[PDB]
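A.B. asks: Next up is a structure, given as structure tokens.
Bear in mind that the values in this text are calculations on the coordinates, not laboratory data. In this analysis, Cβ positions are derived from the backbone assuming ideal geometry, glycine residues included, and neighbour counts consider all displayed protein chains.
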Amino acid sequence: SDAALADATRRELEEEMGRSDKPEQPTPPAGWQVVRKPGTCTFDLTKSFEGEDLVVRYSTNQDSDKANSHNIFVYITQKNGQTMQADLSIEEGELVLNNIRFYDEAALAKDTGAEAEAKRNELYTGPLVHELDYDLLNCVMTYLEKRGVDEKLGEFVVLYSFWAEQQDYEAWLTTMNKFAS
Amino acid sequence: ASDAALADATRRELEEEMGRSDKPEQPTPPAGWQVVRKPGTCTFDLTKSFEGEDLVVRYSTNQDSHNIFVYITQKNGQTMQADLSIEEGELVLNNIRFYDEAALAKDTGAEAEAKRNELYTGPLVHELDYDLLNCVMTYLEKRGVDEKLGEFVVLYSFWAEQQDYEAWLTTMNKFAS
Amino acid sequence: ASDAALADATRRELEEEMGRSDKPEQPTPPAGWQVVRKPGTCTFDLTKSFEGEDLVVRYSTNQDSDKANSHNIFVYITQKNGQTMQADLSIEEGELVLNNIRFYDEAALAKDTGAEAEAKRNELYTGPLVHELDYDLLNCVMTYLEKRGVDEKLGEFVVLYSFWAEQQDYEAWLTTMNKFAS
């Protein structure tokens, strides 16, 4: 259809494929296994810890609002199903805790369904974390840090995202070029 | 197994909450209104009948990083939904809409919400003819949806939020030991 | 009775509205497009074919409490094999502004309504940030959309149709509240 759009996308593809400074895929930290949820931009870091199942979830999708936004959702599940969820953002290489809540069953915490989110929306989301004592919140940070949820992992998530966004952008340019053919 | 420093900090925090003498007390609702939570949630419904109509003032007791939804159902099924904000003890009408049946209106759940987002949400209440706006507010105040109710909802949600926070520390404590 | 004064109030407003001679006229859609309402809703699809492609421009005549100035549209371009581009644009000052471009392997994945359909899309790659794209590429996308009838004339239609449809729903709303008060 549009020769001009095919040319613009072709050149961009050529610019990207020829770069000598594309983001390098980072190496995950010790103990964690990266598992992309099939077909999506969602990834689950996982590992066991003293009988607990740990999951660190994050999307490589970019938010058109806060471009520097790098949110993560960490789930810590006990043998009886009791799960803690901690929401953190990665801001200037540091982890910032934004929410802490609990669920009776692991499945309801990690389910990606719309009806599951609606279930979770009804429950108690926890207190306003930015209004908690330094001692309590700092202990929660250390508790997470000892389990591997630390600044090195935040760095990995950010570097992995830059890398994945680059590959997806290349795929996006290819598809756009196909549409302009 | 777990982490003792967090067990102690949550324990210390629990001691401080249970030792307070300035904690919010559970207020009582205005006459007729039956307070009933949805099992295992922070959603609360104040229900009662009024001249054949089934009323429901719904609010959540969770905080965001005070709003109510008033459902008025006719015997036919016709349901009005009034979204109100509790500013300084007083009420501010923000939205008015309608549904053929009470199910679609009150139904929580993702799919029910999606259907609602597709339907006409109503005119902008602020642009409405002021004589009609008066009459709707009178219409609501007659059914007990007034500044006395907006007062309860506020005080009640403070109370429920203290309870959930205490259970949250108990849960987190149990979690770290 | 208070619910009797509401009846009189809605009845007076309906009479008022029904007797106006300055109400919004329903606009005429640009060439090729067909207007089709999603039954019972404020969602509308403008459909048309162009060089084997199935085009859909989707919008709602509902207005946001705060955003009573912007009009969002979702443009779908579906190929023969089902692969579908979605372009999100806003209409501001009679000007089309491009806010997002993304692709899907299948048409239903892109265009299905519902909570679950949205949630599935929420997990997929939504495309790059449009602000960070080069002028050349983004300008060529705008032209590409323009060739297909997605231009300022289409935007003006949507704006005009929203004003008209909003008046119609308000009138139905007055009747329904009046019924409620009767």
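A.B. asks: Would you call A:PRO38 over 16 Å from the mean Cα position of the chain (by Cα) and surrounded by fewer than 16 Cβ atoms within 10 Å (Cβ to Cβ)?
C.D. replies: Here the answer is no, as A:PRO38 does not meet what is asked.
A.B. asks: Is it the case, given these coordinates, that A:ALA4 is in a helix (DSSP H, G or I), in contact with a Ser or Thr (Cβ under 8 Å, 6 or more places away or on another chain) and of a type in the set (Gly, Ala, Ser)?
C.D. replies: yes
A.B. asks: Can you tell me which residues in region A:8-20 are facing another protein chain (nearest Cβ under 10 Å), of a type in the set (D, E, K, R) and within 12 Å of A:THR174 (Cα to Cα)? Explain how you work it out, then say what you get.
C.D. replies: To start, the set of residues in region A:8-20 that are facing another protein chain (nearest Cβ under 10 Å) comprises A:8-9, A:11-12, A:15.
Within this subset, residues satisfying the condition of being of a type in the set (D, E, K, R) are A:11-12, A:15.
Selection gives A:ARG11, A:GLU12.
A.B. asks: Still on this structure: Can you list the helices (runs of 4 or more DSSP H) lying wholly within region A:91-181 that have 2 or more residues being within 12 Å of chain B (Cβ to nearest Cβ)?
C.D. replies: Because the criterion is at least 2 residues that are within 12 Å of chain B (Cβ to nearest Cβ), the helices (runs of 4 or more DSSP H) in region A:91-181 that meet it are A:114-122, A:134-146.
A.B. asks: Just one of C:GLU25, C:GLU93, C:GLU15, C:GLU106 is closer than 18 Å to C:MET142 by Cα and either among the charged types (D, E, K, R) or touching a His at 6+ places or on another chain (Cβ under 9 Å) (or both); which is it?
C.D. replies: When all the criteria are applied, what remains is C:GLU93.
A.B. asks: If C:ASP169 satisfies all but one of (1) buried (at least 17 other Cβ atoms within 10 Å of the Cβ); (2) over 30 Å from C:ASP22 (Cβ atoms); (3) charged (D, E, K, R), what's the number of the condition it fails?
C.D. replies: Exception for C:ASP169: condition (2).
A.B. asks: For region B:41-77, name all the residues that are more than 14 Å from chain A (Cβ to nearest Cβ) and either part of a loop (DSSP other than H, G, I, E, B) or basic (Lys, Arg) (or both).
C.D. replies: The answer is B:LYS48, B:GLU51, B:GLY52, B:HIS66, B:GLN74, B:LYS75, B:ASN76, B:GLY77.
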